[PDB]
Structure formats: C-alpha cells, structure tokens
2 protein chains.
Amino acid sequence: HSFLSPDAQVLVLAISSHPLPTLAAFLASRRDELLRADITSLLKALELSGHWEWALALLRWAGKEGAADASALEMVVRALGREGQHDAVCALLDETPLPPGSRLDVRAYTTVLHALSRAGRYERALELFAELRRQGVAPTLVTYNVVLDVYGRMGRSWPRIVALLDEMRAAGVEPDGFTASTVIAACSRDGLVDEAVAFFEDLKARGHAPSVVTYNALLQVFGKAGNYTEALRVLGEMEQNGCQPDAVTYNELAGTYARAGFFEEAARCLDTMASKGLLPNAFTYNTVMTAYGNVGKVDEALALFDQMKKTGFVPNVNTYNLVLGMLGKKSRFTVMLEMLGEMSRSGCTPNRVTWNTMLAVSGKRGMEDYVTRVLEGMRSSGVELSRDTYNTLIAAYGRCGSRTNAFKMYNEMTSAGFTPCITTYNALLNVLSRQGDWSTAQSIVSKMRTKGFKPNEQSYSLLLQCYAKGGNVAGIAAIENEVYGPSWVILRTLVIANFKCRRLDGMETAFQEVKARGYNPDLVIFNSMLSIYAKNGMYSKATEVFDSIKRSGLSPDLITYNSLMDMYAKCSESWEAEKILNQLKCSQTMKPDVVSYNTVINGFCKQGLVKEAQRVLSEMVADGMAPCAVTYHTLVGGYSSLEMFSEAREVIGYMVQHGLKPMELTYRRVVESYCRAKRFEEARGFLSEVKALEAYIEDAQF
Amino acid sequence: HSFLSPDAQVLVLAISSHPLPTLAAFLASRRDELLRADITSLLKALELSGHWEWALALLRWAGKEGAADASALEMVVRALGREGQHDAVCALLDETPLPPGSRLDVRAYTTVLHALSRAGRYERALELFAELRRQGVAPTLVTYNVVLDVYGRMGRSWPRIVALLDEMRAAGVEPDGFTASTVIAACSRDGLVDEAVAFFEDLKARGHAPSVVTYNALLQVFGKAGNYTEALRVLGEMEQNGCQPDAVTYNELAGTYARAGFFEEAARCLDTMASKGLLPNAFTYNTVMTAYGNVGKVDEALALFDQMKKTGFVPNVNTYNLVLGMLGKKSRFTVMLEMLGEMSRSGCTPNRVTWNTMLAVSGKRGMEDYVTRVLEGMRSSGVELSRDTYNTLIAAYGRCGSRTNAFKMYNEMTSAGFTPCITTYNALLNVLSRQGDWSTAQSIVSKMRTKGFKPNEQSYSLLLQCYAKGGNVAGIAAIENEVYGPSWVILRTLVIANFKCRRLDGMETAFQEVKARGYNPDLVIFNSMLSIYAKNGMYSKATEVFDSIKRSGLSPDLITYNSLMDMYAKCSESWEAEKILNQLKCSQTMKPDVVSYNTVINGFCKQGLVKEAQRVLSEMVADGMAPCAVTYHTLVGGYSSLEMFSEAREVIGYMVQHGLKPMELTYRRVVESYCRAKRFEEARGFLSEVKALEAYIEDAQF
C-alpha cells in the first residue's frame, strides 16, 4: 500500500478480499495480469496486511505457472517464519527444492529454524539446515546459534556441537553472547560438566569477555550437577569480572540445586545468603522444602518452614498445600491438623486442593479419627461439598474400614441429591472388604449395573477381595469362570484371593493364565505359588517355582528365602534351611532377619539336632540379633526332650546372667522331662540351684 | 507311655492309630471306658507323641459328654500353642468359654499369644488376652512382654503401652531385658523418639541395669529417626556401662540410617568406623549405596563403590546388579557398559538378573547403540537366550524405535523356534508407533488374533498411538466406536490421540466418557482440552475447563498457565496474559519460565502495545531470565512497525553494550520500516551510527 503502484494496490486488495478456498479461480482469472506483476511485492504486501495464508496461496498458484521465483519463495518463507507458521513452511518446502544457493539468503530462514526449535520439532530444523547446506549456503552467526540450540535441546550431541564450533571458527565466525550461553546450557542439560568448563576456558583464553548471561549459564551447569565447589568459584569470578552476584543469582542457584535433588547444597546456599544479607524468595524456600520433602526429610522441611515464617514471610494457600501434601506422603495426621489449624488462624482459607490433599492419605491407625476431624473442619467453615468432595470422603473412610462412616457420607451425598457415580460405588466395595461382606457388595454391583453403569476392573478386583476375606470360595470360582470366557489387576487378584483361601486349583489356573499372555508374573505372585506348593507338600513344584523366579530375571527377597527355609524345616531337612541361611549370610545384598534364624533354630529342635540349633542361636546372637524368651524355651525344651539337662541349665544360666529371666514354663519344662525320666532327686537338685515346681515333683513321685 | 498305666497306654495307642475323620465313632465306642480315664493324661500323651490333632479331637468329643474339664482344655491349649497351631486354638476357644479363673493358669497361654503375635494376628492376640482378663487372671511378666510386643507391632498404641507398664508396676512386676527391649522397639517402629528416651531414663532412675539388648534397641530408635547426636550418646553410654560398641554395632547403625533414608548419617558412620579401625560389612556398603542410589546420588554411590573395592573387598553378582540397576534408573549407558566390562574381567559372570537389568532402561539418544552393545556382550559369552530374553530384547529395541532391530530379534526368536507370546507382539506394536505404521500394526493384531491370543488393553493403546502418529483419523474413529459398545488406559489414549489429530469431537466424547464413570481426569487430559478449546476459538469452553481443574482439587502447572496466556495473546487480550504472568510471579510455589515471558512480549507486540512488551522484557531480564536474539528482533520490529525508531535503536544499543550482537535481519528491519515511511535520509543516518543495507536504501529511493 505504501510501495505498490496504484494498480497493483487494487490487485492486492482484490486478492486479499477474496475467500481462501477458491482464490485459485480468481487468480487464474488474472493470469495475464499476474505474470506481469512483481509477484514478490504482492506477497510482501499480503504479509504486511496479515494475509499470510493468501501469500502462501499466491505463491503456490504462481508456482504452477511460470510466475514463481527465488525472491518470492524467500519472501513467503521469511513471512511464515516471522508469523510462526512452521507447519505450513515445512509443507511448502517439501513441495519444493530450493533454487541455486547463489540466489539464497540464509537470513530468510532463521525465524523458521527458530520456530521449529521452540516447537520441539528438531529433526525438521536440521532437515531445513541440511537443505540449506546442500546449496552451499554459508550459515551466519545467528544460524549457528539456532542450530546449536537445536542440538543442545536434542541431547547427547556433544561431538556435533564441537564440530559446529570448529566450523564456526574456520569460517572466522566469532562467537557472541548467545553462542556461549547456548553451548554452556547445551552442556548443563546433559551434565557435561568438564566439557562445559573446558569450553568456558577456551572462550576465555581466546580473549572473549564473558557476560552475565554466560556466567548465569555456567552456574546452571554446576547447579544441575550438584557441583558445589566449582559453582562457588563461578560466583567468585562473576564478582571479580564486573557482574557481581545478586539476590537473584543466589536464589536461582539454591533453587537449581534444590530442583536437581541437592538439598544439602541448596540449604548451604540459603545459609550463605543469610550471612551476606541476601533475601531469599518464597519460591526458593518452597523449592528447598520440596527437596527435603521428596527425599523424605520432613522435619528439616518444617524447620525450614519455621525459618520462612520467622523472617516475617506470610505463606499462602499453595505453600500450605505444599507442606500438607508433603506430610500426607508420610501420614503425619496430627501435624497435618496442626497446620490446618494454622492456616485458618494464619489468615488464608483452604481451597479444594487443600481438602483433596488432606483426604488423599491412607494408612494405619488413626485415619478414621483424622478424617472425622477433617470433616468437622470442612463444615466448620463454609465449603460446599461438591459431588466430588463426597467421593473423596467416602473413599477416605473406605480406606480404613470405617463402613459406618463411609455409608454415612454416602447417604449424606444421596440426600443432598446427587448422582453418585462409579468411584463412589467402588469406595463402598472397598470398605466392605475388611468385613468380608460379599453380600452387600453383590448388592452394590446390582445397583451399579441397573442404574446403567459398568463395573471397572477395579470393581471386580474389590469384589474378589470381598469373597476372599469372607471365605466365600463360591463367588471367587464364579468370577473366575466369567473371566476365562480379563485384565491383570484381576488375574493377580485371583492368585492372591485363591491363595487367601488356600484354593490351589484357581491359583494354578490364574497363574497359568497370567503366564499365558507372556506377561510378567510379579514377585508377590511367585512367593504365593511357592508358599502354596510348600503347604500342600508338593516340594518339587515349589522348587520349580523358585527356579522360575531366578530364571527369568527377578531376584528373590526375604519372604522368598524364608518361605524356602520354612518348607525345608517342615520336611525335617533342617540342613537345607541352614544352607540357605548361610547363603543369605554371605549374600552381600541381603541379610537374614529374626524369622530366618527362628526357622532354622525351631527346625533343628524339631528334628532332634538341638546341638546345631544351639550353634545357630549362638550365631544369631553373634551377628547382633536378639531372640525372644519363647525361642530360649524352645531350645531348652529341646535339650530336655533328650535328657540333656546339663545344657538346658547352661541355656537358663546364660539367660539370667544377661537380665533376661526365663519363662516360668521353662523351669517347669525341665522339671517335666526330669520327672518322666524318673530322675526326681535330680529335679529337686535343679530346683536347689536355679516352690510350685517342688510341690509338683512331690506330687509326681508320691 | 512313661507315665500312663498300661491299660491307658493301650487306649492312647489305639486312639492315635485310628484315622482322624471318624475318630468320634471309635471314641464313642469306648465312652464308658473313657469317662473313667484321666482324660488329661491322655491328651498329654497324644501331645508327646505328635498327635495334637487327635488331642484336639478327643477334647472336642469329651466336651459333648461330661468328660471335659479345665486341666484338659489347658493341656490342649498349651499343646497347640507349643505346636504353633493358632488357627485351631482360636477355633477351639471360640467354641468355648473358659472356666473360672481360679482354675486358670496364665502360663498355658503364652505360646498361643506369642504364636498369634508372630503371625500378624494381633486382634486375636488381644481377644485372647481380653478373655483371660474377664476371668480375673493375673498376667505374669512373660504375658506382659508378649502383649507389649503385640501393641508395638500394631502401632500408634503408646498410651495403651504406658497404661500396661503402669499396671505392671502396680502389680509389682519388675521389667526385665525383654520388657525394656520390646517397649523401646515399640517406640522405634513409630518414631516415638522423646518417649523412648523418657522410658529409658525412667528405667535407669529406677536402678535397673540396661544390657546390650536395650542399648541396641535404643540405637535402632535413633537410627530410624535419623537422630545422629543422640545415637552417638547411646554408643558412648554402651562404652561406659560395660557393653562397648562392636563392628557389629556400627554396621547395624550405619545400615539402619541408610535403610531409613539418612545416607549422610550412614556415611558419617562409615567415616567413624574407618577412623576407629572398624571393618564395614558388604551388606552395609551396599545399603549406603542404595541410599545414595534411591535419593539419586549416583556419583557418591560410585565413589563409595571404589572405596569398597580399594579395601580389597571383592564384589559379587548381586552387588554389581545392584549398582547396575541404580545406573539404569538414571540412564548412564556408558558407565553401565564400563561396569559390565568390569564384571567379566572382575571375575564373576552376569546372570539373567543382570541382563534383565541392563535392558530395563528407556530413554533418549544412544539406547539402540547401547542395546546392540549389550547384545554383542550377551552372545560374547554363553548365555542361552530364553524365550523370555527375546521379549526383553525386542522390547528394549522397540523402546527407541529401532524397528529394523526389533524385527531382527523377532525373527531370531522365531527361527530358534519359539512360541512368541503377547508381550512380544506389543513390543512390535510399540516400535511401529514412531513411524505411524498402522498397516503393519493392524497386520500384527491379525496374527495375534488368529494364533488365538487376545489383545491387551495395552495392545489397543499402542494401535491407537499408531493411527495417531500416522494421521489415520479413520482407525481411531473405528476403535472409538468399538470402545463405546473400555478401560482408562484406552480412554486417556483416545483423548491424547484425538488431540494429536486435532479431532475435537472424539476429544469431547472420550472426555465425557472418562468423566462419566466418575473417574479422575488427569492433568495431561485437562491441559489437552483447554489447548483444543483455545485453538478452535471456543474460549468460554477452555475457561470452563480451567474452572474444572481448579474446581475438583487438582492444581494447574506451567503447561496450563502458558496455555492460557497463549490463548489470551491469540485474542489480542494480551493484558489478561499479563495478569496471569503476574499471578505466577507472586505464586510462591510456581515461577514463570522463558515461554510465558515470550508469550506476553510477543502478544504485546502483536497488539501494538510495544511499550508494555518492553517493560515485560525489562522484567524478564530483572528476574534473571535471558532472551534469545529473535525476541529482541521481535520488539525492535514492533517499534519499527509504528515509526518509533528512537526506541528501536535503544534496544539495539542495549544489545551491543552486552556482547549480544543483533541479527542482520534486525538492522534490515529497521531500514525497511524507514524506507516505507519515506525517511531515507534517516535510514542512512541510522546506518551511520550503528553496506548491503545502504545499497538497499539506494535501490529503494532511486
């Protein structure tokens, strides 16, 4: 409009006021008039008026005639580039092959390249770049920079970057601020620490002057690496060479350590800020608290929170929701409530995220008490319960077994009129699984079914769990049958439920069914199968299952080896249990616990080999394991069983000379064995060294 | 046999040689003869011969006659207790109510109680205990100890424990070794630190002498708490008061810290051992390495490994498998291979767990190279590939996109004859999803179907993914239809696949279908829905989706707020994008990144408000964010668009006085705006301050 001759101005206006889908026609309606235009000016005008899609349309049309040429293509490529239209550019260029490089100008392509880079479309970025290369186009600084960025984001492309810089230097293209920053960040992304440091050094030796940008980038590399010392040196260099670390610099550092997982570092940083009169953010405080959080460190999170509050900072809903979720992870019930108490009084009010956060706990004792308290709170201040808040509620109640409460909220939800969906129903099905109440559960599935829903594989899992806890083998068998006429969450549940009922057939079958879809039996399953094969006496089968575990790749745990040792103990083969114990002893990655020792000890008594059981007890004490009184009574009664009264006493004297004190039953047991062996004088003697017992003896003799 | 009169000895032998299911009959066949026996001696004899089930049978029979009495019930309860038969005891006692307490002896119940405790059957343990209480039976030391243990294991039962000890003291029952150990461990389990310390103190003031057991327990409490200082004091007390820490003590400490998550502590411990001439284990070394591992600290894990190897320790397969899995978690490809190289030469040979471990990685560039290397290795030394090793292989290859290699291993698997199952097929379906090869995928589903398998919901997810990447809206629509005539893994996949095809209808429908089963839309889904509603121009709908996110409880992230700001920028409402930017700025838990700033800046240029975009650029630089060259070119060209040439220069001069250097395009752009405004003298002046550009200008004027 400001550079077109008047006639051409009417042409452009007439084109740009034509609807797109049929522009072709009208264009053809002025072919004679068009092949005379400077088509490049026309495209330009369309770009400057917003009609890029029209520009593309015109170029595409002019291409099928003579009218297309190099300056036109570059005008549109530059246009769509600046317009951020990478899809359409890529399409355009796939339909074409660029003119000789002589009539190319790299500068027209930068924006497109950049637009591709920012869209994560890296392979296209590099195809465009490759295409330019094929035409002998010499890249310029900016072109280099963008390509470098593509490589950096891509990852694991260090050799190519170094090659790229080599080529940059050979062409006498001197790196600028962006070059350095980009290369260094390309390094931080991967953890190319020594490579970044090397590059920085080169950059310095070649007498280039690093700016805030490159320092800040270097800081990012060491920040993500958790390289403390080197980061402090970078800060020192910033100080010496003009820049001079900020509150911003330290905040980003601490923050970057913390987000990378290095909290101890981050906290060291906050320490330094604190000593230097530097003001931490809120976001950084929170970030270090999430570091301590994730890792598990809660107390130190909360210590940091108190610190945050001491310095007058007033935390908001999101910060409190953050700490709350952190505590939810653990299950800290009481301090959760203390914090919620703190928010109200504090001054901000919980939103739906807070509620959903506190009610997204599970765990042990105290949860229904907790959830009740949270209900009290939620009503103790506005908070309209949405149809979704009910599900959070019923699910929380259902997660302990508070059936009464779960159904209470369910009615409260039905009263206030609501269309309780499926998660509600599974929440109920979930509460029913403690009391093995398949009856009410079935009923629930009926209601679900008719009101036209369709039971989740979760529903079916919960029902299975219900029949199991309720001894109802029938319903489990029936569901099985339905299943073989089909998930994994269901199959696994079947192995487990049949196991809880000692029903081997269904265990065998559902295992067979999991292994059929060449799946991945999971350790729990395997431990189960070995367990059942042990209890029914099929020992070569459970050996076969162990072999099955070790075969694939999975490696057994304590529950496994303890299952084994126990089976072997049951078979009077308490030597094989011992061999396994010893294996564990020198496993390097596993140690045995009290159960494995008690299995070997109890087994060696049972098989009569009490001497050995004593040696294993001695070892158990040697590796710093502490036996209960019943185990001592077990080996004492073992010795007694065989008239070995001297060693029985030895055990007891060892018990006393340690502040243990043996069960009354133990003295009794020795006395009983004495009295059956007809060694009454002896028993009396035993009582002399060590009154009801005496009375007993006297009764036994006369 | 050694206490029965001869006639009674024939009775017992005749009973115990009778088959169980019908014993009743024979028993009844000697009722007259039985009601005269001392039935208690008979049960005892059956216990001493192994026939406990017979003992139970006799008691049960004698119960339905007169013959049952208190000593008989206690004989069998004691028997099944010692025999570890808690199920049958519980059953027995549910069928009976105990005689007056006068004829009770607590000692008969200990084993049963203990057996319940060790089976995790705590509520039954406490019902038996409650039942004894109902008869005024005075518990003894051992009874107390077992009950305490039940409470300890149960959890969150501190007040009850303290009550229990109160009652112990009132009855003048003086705690022993087990009492103290149990109470303290009951504390460690929960983290009742100050409570444990308090108890220990009381125990000391009352002049009781703590033994190794109680010290070791106290050490466990502080170990699990991560309480370093206090643990060192406990060690000091052990030293002063007879015990004297061991290599065992320190090993268990370090180990307990490490398993509790407190690696820095654990490593401090190993440090002390090292200084005290104390020998660390292997298992403890490994445990600290898993601590550093989990938390993410790999390097320090490996530093610890070198330490482990330096001290002559020779690590085994499990230790190498441990370190390997740790590295697999990250994706450390090269050091993984260096370690595998190290094992071979080391001296031990990889097992199936090693293989399954190295091939259980996923990730970015380098993985197919890696997996090839691992194949080379696996063949470079025996290692028969099982039908399962193939699946691990094909799946690893399939995880990058190495289709050629995936099918190569698949053929290798078919050649060696094998019945490739389902996971194999999904592995193939998985590789096909990069190249959008729904054709071969369909084919695969055909082979799967006929050879009589049944496609996983995973299969269906992979196929969906294949149609999506391949632009094939048709197959996606068809699958949809099949689905509505049904998982979540499928529904989510549908929302995502339809989104990848910009097919709003199916997105709306599958969302509707997820929200129908009152489920849990997930952030990714929501971000999608908002994205699509932005791109089709339905802005009040995407507002409604944001409201939907914040409603429930979920809290939005950067992808969300950036989606929003971007939509607002598209609407020329770049003020609302700014309001959101500022919100983020003071969010406390979120900060904005480069994308959000570039959205606001680019939007304010687009809407003409370049002044504002400049202020937001200024802020972007203030919070330590670094812009690329294209953003500068964007605001420069913004100013230029409106003849504001003074400020355009300002931007450029700021670029230079920072080591940035502006794109060639930028100078060009200023010049273009000058030349359209007809300010040619001015443009020449601009070139004077700041040759092709001059040439251009001259061309433009004449």
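The following paragraphs examine the structure supplied in this document.

**Here's the deal with the overall build of chain A**
Then step 1. For chain A, the count of helices and strands is 42 helices and zero strands.
Then step 2. Since a compact globule built from 702 residues should have a radius of gyration of about 27 Å, the 39 Å found for chain A marks it as more spread out than a globular shape.
Then step 3. When the backbone C-alpha atoms are referred to their principal axes, chain A occupies close to 140 × 70 × 60 Å.

**Brief notes about the interface of chain A and chain B**
Then step 1. Listed per partner, the contact involves 94 residues of chain A and 94 residues of chain B.
Then step 2. Looking at which element gives the most residues to the side of chain A that touches chain B, the answer is helix α40 (residues 664-676) of chain A, with six residues.
Then step 3. The residue inventory of the side of chain A that touches chain B, partitioned by class, reads 38 nonpolar, 28 polar and 28 charged.

**Notes on the packing of helix α4 (residues 39-49) of chain B against helix α6 (residues 70-82) of chain B**
Helix-helix packing is characterised by the crossing angle of the two axes and by the distance between the axes.
Residue and element names in this part refer to chain B.
Then step 1. Running from N to C, α4 and α6 point in directions that differ by 10°, and their axes come no closer than 8 Å. As summarised for this structure, α4 and α6 are arranged roughly parallel, according to the angle between their axes. Where α4 abuts α6, its residues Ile39, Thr40, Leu43, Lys44, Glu47 and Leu48 lie against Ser71, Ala72, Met75, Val76, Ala79 and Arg82.
Then step 2. Split by residue class, the contact of α4 with α6 holds seven nonpolar, two polar and three charged.

**Topic: the packing of helix α31 (residues 504-516) of chain B against helix α32 (residues 523-535) of chain B**
Residues and elements named next belong to chain B.
Then step 1. Contact pair α31 / α32: the axes reach a minimum separation of 11 Å and the direction vectors enclose 145°. Note that α31 runs across α32; the crossing there is left-handed. When α31 is examined against α32, the residues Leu504, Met507, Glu508 and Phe511 are found in contact with a partner set consisting of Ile525, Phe526, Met529, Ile532 and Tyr533.
Then step 2. Residue composition of the contact of α31 with α32, grouped by class: eight nonpolar, no polar and one charged.

**Overview of the packing of aromatic side chains**
Then step 1. As enumerated under the stated definition, the model contains 33 aromatic pairs over all chains in all.
Then step 2. Summarising the aromatic geometry, the rings of A:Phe305 and A:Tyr320 are spaced 5.6 Å apart at their centres and angled 80° between planes, so their arrangement reads as edge-to-face. With a gap of 15 residues between them, A:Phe305 in helix α19 (residues 299-310) and A:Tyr320 in helix α20 (residues 317-330) connect regions that are remote in the sequence. Taken individually, A:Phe305 and A:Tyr320 each receive the classification buried, so the pair is uniform in this respect.
Then step 3. One aromatic cluster is present, formed by A:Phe263, A:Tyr292, B:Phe263 and B:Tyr292 through successive ring pairs.
Then step 4. Here A:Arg668 stacks its cationic end above the ring of A:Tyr696, 4.3 Å away from the centre of that ring.

Calculation notes
Keep in mind that residues are numbered from 1 along each chain as the sequence reads, not by the entry's scheme, and that residues without coordinates are left out. Think of it this way: whatever chain is written first is A, whatever ligand is written first is 1, and the rest follow in order. Hydrogens and waters are ignored; side-chain quantities use all the structure's heavy atoms. Residues with missing side-chain atoms are left out of burial classes, side-chain pairs and their counts. Secondary structure follows DSSP: runs of H or I at least 4 residues long count as helices, runs of E at least 2 residues long count as strands, and numbering of each begins at the N terminus. Put simply, the radius of gyration uses C-alpha atoms, and a globule should come to 2.2 Å times the residue count raised to 0.38. The criterion used for residue contact is that any of the two residues' heavy atoms lie within 4.5 Å. Here the term charged refers only to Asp, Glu, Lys and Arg, the term nonpolar to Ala, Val, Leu, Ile, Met, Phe, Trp, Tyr, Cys and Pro, and the term polar to all other amino acids, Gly among them. Axis definition: a line fit to C-alpha positions, over the contact stretch in the case of helices; interaxial angles, taken between N-to-C directions, run 0 to 180 degrees. For classification, angles of less than 35 degrees are called roughly parallel, those exceeding 145 degrees roughly antiparallel, those between 65 and 115 degrees roughly perpendicular, and all remaining angles oblique. Helix crossings get a hand from a simple test, with the near helix turned counterclockwise from the far one by less than a right angle marking a left-handed crossing and a clockwise turn marking a right-handed one. Stacked, edge-to-face and tilted are the three classes for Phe, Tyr and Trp ring pairs, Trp counted by its six-membered ring, which pair at centre distances within 6.5 Å; planes under 30 degrees apart are stacked, over 60 edge-to-face, the rest tilted. The classification of residues rests on relative accessible area computed with a 1.4 Å probe and restricted to protein chains. Under 20% of the type maximum is buried, over 50% is exposed, and intermediate values are partly exposed. Ring-over charges, as used throughout, are those where CZ of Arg or NZ of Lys falls within 6 Å of the ring centre and within 35 degrees of the ring normal.

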